[PDB]
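First, one chain by itself in structure tokens, the form deposited in one PDB entry.
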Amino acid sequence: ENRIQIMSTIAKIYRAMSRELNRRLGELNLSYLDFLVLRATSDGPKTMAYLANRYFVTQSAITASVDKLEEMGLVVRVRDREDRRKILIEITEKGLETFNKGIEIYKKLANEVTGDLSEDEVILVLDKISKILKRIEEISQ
């Protein structure tokens, strides 16, 4: 039916976008997951547990991505002054610059794929799928 098709189309869109984003972000030496980590830390330091849960990936996956971004000088592991074991992933000046370039790549791709939709159509879809998102997040966790 139509409700199943909306979800299946959302899934197909995600896979195709993922493939293309990995390709375009590649020029910035980033994978889609690496970019997501930068996106998440761009507005404030995040725990590695948050990153794994928010993006539904394994802890080893986050560990690999963070280690990579750290070596690239895009993020740093900040430790509490009294308990060094408490770690937060913080974006660096260079990380923010790279994240910004990544946003432009994302922006350009988004404009291309939604090209057949008018501004009003875009708005109509956005407001309605935001409801779907609220519901699935309430259900899934």
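All residue numbers are counted from 1 along the displayed sequence.
One more form of this protein should be noted, the form deposited in another entry, which is absent from this view; the next part is about it.
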(request) Decide, with the chain treated as two rigid parts between this form and the one not shown, if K128 and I87 are on the same side of the split. (result) no
(message) in the other form, the Cα separation between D80 and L51 changes by 3 Å or more relative to the shown form; did it shrink or grow?
(response) closer
(request) Given a change of 3 Å or more, say if the Cα atoms of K131 and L51 sit closer or farther in the other form than in this form. (result) farther
